[PDB]
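**Student:** Quick one: structure below, then a few questions.
Because the Cβ atoms are built from the backbone with ideal geometry, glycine has one as well, and the counts that use them run over all protein chains shown. Please treat every number below as a calculation from the coordinates, not as lab data.
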RNA sequence: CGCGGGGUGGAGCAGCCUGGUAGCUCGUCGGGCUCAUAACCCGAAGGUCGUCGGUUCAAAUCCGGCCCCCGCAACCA
RNA sequence: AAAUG
RNA sequence: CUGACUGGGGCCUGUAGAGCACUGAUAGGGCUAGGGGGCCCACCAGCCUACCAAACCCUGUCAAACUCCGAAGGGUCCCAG
RNA sequence: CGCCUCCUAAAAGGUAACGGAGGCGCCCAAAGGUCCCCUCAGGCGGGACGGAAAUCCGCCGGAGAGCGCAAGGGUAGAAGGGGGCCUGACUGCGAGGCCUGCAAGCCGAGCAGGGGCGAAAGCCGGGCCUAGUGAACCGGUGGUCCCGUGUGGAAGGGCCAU
RNA sequence: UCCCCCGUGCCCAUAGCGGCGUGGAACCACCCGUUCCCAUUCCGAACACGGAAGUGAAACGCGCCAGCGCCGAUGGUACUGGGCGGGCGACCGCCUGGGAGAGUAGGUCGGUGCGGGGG
Ligand SMILES: [Mg+2]
Ligand SMILES: [Mg+2]
Ligand SMILES: [Mg+2]
Ligand SMILES: [Mg+2]
Ligand SMILES: [Mg+2]
Ligand SMILES: [Mg+2]
Ligand SMILES: [Mg+2]
Ligand SMILES: [Mg+2]
Ligand SMILES: [Mg+2]
Ligand SMILES: [Mg+2]
Ligand SMILES: [Mg+2]
Ligand SMILES: [Mg+2]
Ligand SMILES: [Mg+2]
Ligand SMILES: [Mg+2]
Ligand SMILES: [Mg+2]
Ligand SMILES: [Mg+2]
Ligand SMILES: [Mg+2]
Ligand SMILES: [Mg+2]
Ligand SMILES: [Mg+2]
Ligand SMILES: [Mg+2]
Ligand SMILES: [Mg+2]
Ligand SMILES: [Mg+2]
Ligand SMILES: [Mg+2]
Ligand SMILES: [Mg+2]
Ligand SMILES: [Mg+2]
Ligand SMILES: [Mg+2]
Ligand SMILES: [Mg+2]
Ligand SMILES: [Mg+2]
Ligand SMILES: [Mg+2]
Ligand SMILES: [Mg+2]
Ligand SMILES: [Mg+2]
Ligand SMILES: [Mg+2]
Ligand SMILES: [Mg+2]
Ligand SMILES: [Mg+2]
Ligand SMILES: [Mg+2]
Ligand SMILES: [Mg+2]
Ligand SMILES: [Mg+2]
Ligand SMILES: [Mg+2]
Ligand SMILES: [Mg+2]
Ligand SMILES: [Mg+2]
Ligand SMILES: [Mg+2]
Ligand SMILES: [Mg+2]
Ligand SMILES: [Mg+2]
Ligand SMILES: [Mg+2]
Ligand SMILES: [Mg+2]
C-alpha cells in the first residue's frame, strides 16, 4: 500500500539488503534492526 | 506507623496508619 | 443477472497416508486446516498444520477420546 | 502491625460468641476475615488529561497500599472512553492492612457520613461476604477537606469464609459494624 | 474448571523426564520414562531422612538421584516440575549429563 | 399469513418426497385427525382454507391443531422468461408431507361433527386423506 | 482507468486534463446498436459543467479527490494555511482556491477537496460567527468584521457585537 | 422484465465514498413596528433520517430484503 | 424609500 | 505377475436415515419479563386480563449451506487369489 | 471474467449450471522470536456517582468468548490475555513429499555460518490456518567484479539483489 | 504379594454434577512466619523462602446414594451394496448381503500400570 511502502536494509556504510516493509504513519519515521549480511556476520541495518 | 485519634468527644484511639496527629472531629459518639 | 457464481479452487485435504502404510521421513501424512489430527511419535507438523513423517516407519492412528486424534510413526524395528 | 485493637477483639470477643452462637465444631470452621476490597470507578479518564492519581495516592493514603489501576475491558460508545487504558482504581486489603483499616472505618469513618443511620442490613444476601458504598472519601482521618480538589466515592467489599448471612451478619456485627438494622 | 495448567511438561519431547514434587516439608524426584509408563529412578527427600535446610536438602537428594541414575545407563534427561518455577528449591545437582 | 418470520436463507432447493414421515404419525393433541395418504407440498394457501372451512363448519366450537407448518420456500421465475439468469423469485411456502403425517386433529367437538369438518378440510387439500380416531398412540 | 458503464454520480474522474465528478448518469441502449453512457459533470474547482456521451468500451481514469476537513491557522503572503484536524498536516492554499477566504477566520473549520494532498477548493460553512469590530452606532450600515471584510447589517448590531454571516452572500443572517 | 439515481423538521434541498457532527431556504408559534395587515426586526419549536434485518465500541452514513419514487430503455425478425 | 383595508 | 476384479485385515469419511445437543425454523400449553386494558390517587405501588409477547419448561414437528449420532458403501496400504 | 469460504458435491479426491450465499487485491515493528505468567462469554446475587455490560466482590459457567477482516476447520493440556528480553520478517542449503497436463503453488526434517530466548529440554529461516495476487519481455536502482571487438582503459553488458 | 498414602502416566464421563459420611499415626494440605532467594499493573491471595504451635474446617484421598449427567442392549423398523418388479407419473413393493438413529430393559457415583513412603 501507500501508507505501507516497501524497503530494504543496508549493512551500515555498505551493500547487502533484506528488503522488508515499513509502514509509514504508524511506528515509522525511520527504523533499523539487527540482521545477518551475506558477508561476515550480524550487524545493525538501516533502511533506505 | 502507629497513631492517635484526638476527636473532641474525648476518646483517643491508639492504632496505626500515617501521621499520629489526627483531629477526628467526631469519633463514635452519636 | 445474478450476484453469485463464485467459489475457490478445491484444495484436496485429508489423510494422505493411512494406518499401516510405509512411509519415508518427509512424507506429509495429513493435510488439514484445523488440527483434526495431531502430531504423534516421530510426527512433526507444519505451519499449515500439515503432519509429516519424521522417520522411515509405519503410520498409526491413535484416537485419544476427548484428547483428540493422533498419527504416530513407529519406525521399522 | 501483626496486631491491632480490632484484631484482638475478634480473637478474644467474637471468636467465642459465634461458636457459643451457632455452635461450631472445628476451630477453623468458624467465620474469619479473608479480605476487604475498596475500589473506585472514577470513570474520569476523559479529556483534559485525566491524571487522577491524586485519587490513587489517596485511596492508598488511607490504606497504605498503592492501588492497582484497572482499565475498561470492552469499550462503550454510549459513555465515551473505550477499549482500554482509561479509568479504574482498586486496592485489595488482607492480613494486618485489613485490620488497621476496618478499625478506623468502623470507629471514625462510618460515623461521619452525612446522615448514616447504620449500615443497610440487606447488602449480605447469600454472600458469605458483604458490600457497601461511600459518597465522600474525607470520611477518613488520614485525609482532610482542604487537600482534595474533587470528591470521590468508593465501594467497600468484605469477603468472609462465612457461608451464611447470619454467619456473616453476626460476625461483622460482633466486630463493630453499625447496622441500619 | 482447572486451577493451574502446568504442562510445562506435556512440552516433553526428548525422552526421560526429571519429574519433581514440591512438598511443604520434603521433596521427591523420579526419572520417568513415558512411552513405557515406567519410573526408572527415584530418590526422595525426607523419605531418606537427610539434613534440615530444605534447599540444601534438595541439593542432596539431587546428587542422590544422579549417582543412583548414572549407574543405570541414564546420563541424559529433561528437567520438569509442574509449578517448578525453577527457583529456590532448584537442585542444580552434579553428575547426570542432562545439562542445565 | 403462515410463513416463517425469519429464515437463514431465502431460496432453498427442492429435495424429493420419498416415503416414511420422519415423525408425527399419531394423534397426540386431539380426538380425530387427518392423516395424509400421499406425498405433496401443502401451500400455506391451502392449510389456511382447511383451517378456515374447519372453524366455519362447526362455527364457535372446539379447537383446531395444525401439526404441519409451511416453511419451505417456493420459487417461480417471472411469467414468460426463458431459462437461466438465476433461481426464480419466491412465491409463498410449502410444508412437506409424506404418507402418514397427521396434518390436522381437533377435539372439544363431538365425533359427529369432527368427521364432517375434517371431511371438508380434505376437499381443500391436493392429496388423498383419511380421518383417524385416537387410541394405540400412547 | 475505470470505464463508463461503471460510473455513478459522485464518481470523480479526470477528463480533458481537468477534475470532474459525474452528477448525472444514464445508460442508453436503444435500437440494436452498442450501449452508450450519457452523463453530466462538474469541475471540482470551477463550477463549470458539461454533459457528454461515451460508448460501452471507453475507459475514463478515476481520481482520488476525497474531502477531508481542514482548519485555518494563519495568513502568510497572499496565502492562508489550514490543517486536516485528522493527520494534522500543513496545507498552504493560495487565496484563489479558498472559496470565500475572506469572511473566514483564523481558527475556523472548513472543507477542502484533497487531490494528492493539496486542496483545490476550501469552503467554510454556509454562515459563520464573526465579531464586527466596526460600524457607526448610527440602520442598514456597513460593518467591518474581525477578518477585515465588511458587511451590511441592521442598527442594534454595534462594535464588538458578534454576528452571523452567510459565507455565500456575506449577508448579515442575525447575531451571535 | 432489466438500467441508474432518490425517500432527512410542514415544503423544497444539503449531509452519506472520507461512519462519531443534522446544514439551508421558506413555513409555523411567541414578541415587537402599524390604527390594523403585509413587509420588516427580535426569538423559539420541530427530523422514527421509508421501513425490517445485519456489521461496528457507535451509523442518516456500511451492509443486505422488502415498500413506495423518478427517469431509461423493450431492438433483428 | 415605503403595499393594502 | 505387479492387472481389472475378488478374499482377509488396518486405517481415513460425515451421505441415506435419523435426531434437536449447537445454528436457526416452528403449532399449542406452562411459567413469565415485557406492552395493551380495566381497579385508582397520582401516596407509586398494589392487583386483575376468553389480548401482543421474550427467557425457560414440557408436548409436537423442519433444515443443502444445522448435527449429540450415523449406516449401506466408497478410498487407500498390506498379504492372497 | 483472477483469488478465499460454505453449500450443491451423492460419508476418499475431484465434479457442472446466467445454481444458493458471502469475502479479497489488504494488514501488523508488534498483531513477529523466545521465556514466564494468566483464563472466557455469559447468568444469579452484592455494591457510591453508576445504562441494560464502565470499575469491584461472591459464587455458578468447559467453552457458547476470543483469535485484525468473509466463512470454514481449528483452539482454554492456547492458537486466547499480560510482561521481560529480542528480530530466525536469518544467509549457504534442502533429504522427502503434497498438489499437478505444463507452469506454478504448498509442507519440510537435517547440515553449515552466524545469532535470539531459555537453567535446561529445546524453540525461532514471520503472522492459528485456508484469500491479500501477476509468467516472460523491456527498462530502473544499488551490489559484484564475470565479459570488456588489436593492447590498456572506458562504452555497454552479465550475475546477485530490489 | 495385601491394604492406607504420595508421585506420576494409561483407558478417556460406566471416570462427571449434586447430596450424605469419613481420614490427620504417618503422608498430603490448609496452617505459622516474611529475615533471607523470589514475589504480586496493590495484595506472601498467587508465586518464593524459613518453619513447624494447630486443623483436616478448606482442598484432596476413600466410601455410600443414582435426582441430574454419561454409558445402553436384545427385539423391530429406517436406510442400503447387488439382483429384480410395478405406475401414466406419483413414487411403491419383492429377493439376497450389510443395518442404523431414536425408544425400551438395564448400566455406572471408575478401572488401571510404574516408582516411592507406611502395618
Ligand atoms: Mg459461473
Ligand atoms: Mg459454477
Ligand atoms: Mg468448485
Ligand atoms: Mg470450496
Ligand atoms: Mg405447488
Ligand atoms: Mg432474455
Ligand atoms: Mg394398536
Ligand atoms: Mg409573528
Ligand atoms: Mg500373481
Ligand atoms: Mg434427510
Ligand atoms: Mg443434511
Ligand atoms: Mg463419493
Ligand atoms: Mg479395505
Ligand atoms: Mg498377487
Ligand atoms: Mg489461475
Ligand atoms: Mg462433501
Ligand atoms: Mg468428496
Ligand atoms: Mg462475568
Ligand atoms: Mg449487578
Ligand atoms: Mg454504568
Ligand atoms: Mg452496575
Ligand atoms: Mg454481561
Ligand atoms: Mg513477547
Ligand atoms: Mg529443497
Ligand atoms: Mg526432492
Ligand atoms: Mg510442476
Ligand atoms: Mg496471514
Ligand atoms: Mg502470536
Ligand atoms: Mg514480447
Ligand atoms: Mg534487464
Ligand atoms: Mg544498471
Ligand atoms: Mg578485464
Ligand atoms: Mg574486429
Ligand atoms: Mg576497438
Ligand atoms: Mg580493447
Ligand atoms: Mg594505460
Ligand atoms: Mg554492472
Ligand atoms: Mg469427621
Ligand atoms: Mg536471614
Ligand atoms: Mg528481588
Ligand atoms: Mg474438609
Ligand atoms: Mg441408545
Ligand atoms: Mg437391533
Ligand atoms: Mg438396489
Ligand atoms: Mg442403538
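**Student:** Can residue E:51 be described as more than 14 Å from chain C (Cβ to nearest Cβ), out of contact with any strand residue (DSSP E or B) (no Cβ under 7 Å at 6 or more places or on another chain) and more than 16 Å from ligand 20 (Cβ to nearest atom)?
**Tutor:** Numbers: more than 14 Å from chain C (Cβ to nearest Cβ): yes; out of contact with any strand residue (DSSP E or B) (no Cβ under 7 Å at 6 or more places or on another chain): yes; more than 16 Å from ligand 20 (Cβ to nearest atom): yes.
Yes.
**Student:** Looking at (1) in contact with a helix residue (DSSP H, G or I) (Cβ under 7 Å, 6 or more places away or on another chain); (2) outside any loop (DSSP other than H, G, I, E, B); (3) over 30 Å from residue F:136 (Cβ atoms), which one does residue F:91 not meet, given that it meets all the others?
**Tutor:** (1)
**Student:** Which is away from every other protein chain (no Cβ under 14 Å) and over 26 Å from residue D:170 (Cβ atoms), of D:114, D:135?
**Tutor:** On the way: D:114 fails: away from every other protein chain (no Cβ under 14 Å).
Step by step, each of D:114, D:135 is checked, and only D:135 is away from every other protein chain (no Cβ under 14 Å) and over 26 Å from residue D:170 (Cβ atoms).
**Student:** Of everything in the range D:141-161 that's under 18 Å from residue D:177 (Cα atoms) and under 12 Å from the mean Cα position of the chain (by Cα), which residue is surrounded by the most Cβ atoms within 10 Å (Cβ to Cβ)?
**Tutor:** Ranking the qualifying residues of the range D:141-161, first place goes to D:158.
**Student:** At least 1 residues that are within 16 Å of ligand 4 (Cβ to nearest atom) in each: list the strands (runs of 3 or more DSSP E) lying fully within chain C that qualify. Quick ask: steps written out before the conclusion?
**Tutor:** Details: elements: C:28-31, C:43-45, C:51-53, C:57-63, C:69-75.
Where strands (runs of 3 or more DSSP E) fall fully within chain C and carry at least 1 residues being within 16 Å of ligand 4 (Cβ to nearest atom), they are C:28-31.
**Student:** Among the residues of the range C:9-41, which ones are away from RNA strand J (no atom under 14 Å from the Cβ) and surrounded by fewer than 16 Cβ atoms within 10 Å (Cβ to Cβ)? Spell out how you get there, then give the answer.
**Tutor:** Step one: list which residues in the range C:9-41 are away from RNA strand J (no atom under 14 Å from the Cβ), which gives C:9, C:25-26, C:39, C:41.
Those that are away from RNA strand J (no atom under 14 Å from the Cβ) and surrounded by fewer than 16 Cβ atoms within 10 Å (Cβ to Cβ): C:9, C:25, C:26.
**Student:** Given the conditions (1) more than 15 Å from ligand 5 (Cβ to nearest atom); (2) out of contact with any helix residue (DSSP H, G or I) (no Cβ under 9 Å at 6 or more places or on another chain); (3) away from chain C (no Cβ under 14 Å), which single one is not true for residue F:50?
**Tutor:** Result: residue F:50 passes all but (2).
**Student:** For residues in the range F:94-114 being in contact with a strand residue (DSSP E or B) (Cβ under 6 Å, 6 or more places away or on another chain) and more than 16 Å from RNA strand L (Cβ to nearest atom), which is farthest from the other protein chains (Cβ to nearest Cβ)?
**Tutor:** Out of the qualifying residues, it is F:114.
**Student:** Among the residues of the range G:19-41, write down those that are exposed (fewer than 15 other Cβ atoms within 10 Å of the Cβ), on the phi < 0 side of the Ramachandran plot and either away from RNA strand H (no atom under 12 Å from the Cβ) or part of a loop (DSSP other than H, G, I, E, B) (or both). Write out each step before concluding.
**Tutor:** Of the range G:19-41, the ones exposed (fewer than 15 other Cβ atoms within 10 Å of the Cβ) are G:23-24, G:26-35, G:38.
Then keep just the ones that are on the phi < 0 side of the Ramachandran plot; that gives G:23-24, G:26-30, G:32-35, G:38.
Listed by number, the residues that qualify are G:23, G:29, G:30, G:32, G:33, G:34, G:35.
Each row is one residue, and each column tells you yes or no for (1) within 16 Å of ligand 4 (Cβ to nearest atom); (2) over 13 Å from the mean Cα position of the chain (by Cα); (3) within 15 Å of residue E:15 (Cβ to Cβ); (4) within 14 Å of another protein chain (Cβ to nearest Cβ).
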| site | (1), (2), (3), (4) |
| --- | --- |
| E:64 | no, no, no, no |
| E:69 | no, no, yes, no |
| E:73 | no, yes, yes, no |
| E:77 | no, no, yes, no |
| E:88 | no, yes, no, no |
| E:92 | no, no, no, no |
| E:95 | no, yes, no, no |
| E:100 | no, no, no, no |
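**Student:** If you don't mind, another one. Name the helices (runs of 4 or more DSSP H) wholly within the range D:1-71 that hold at least 1 residues that are within 14 Å of chain B (Cβ to nearest Cβ) and farther than 11 Å from residue D:91 by Cα? Please lay out each step first, then the result.
**Tutor:** Values: elements: D:5-9, D:15-22, D:54-59.
Once the helices (runs of 4 or more DSSP H) in the range D:1-71 are filtered for at least 1 residues that are within 14 Å of chain B (Cβ to nearest Cβ) and farther than 11 Å from residue D:91 by Cα, what remains is D:5-9, D:54-59.
**Student:** Condition check: outside any helix (DSSP H, G or I) and on the phi > 0 side of the Ramachandran plot. Does residue E:52 satisfy that? First the steps, then the outcome.
**Tutor:** Values: outside any helix (DSSP H, G or I): yes; on the phi > 0 side of the Ramachandran plot: no.
No.
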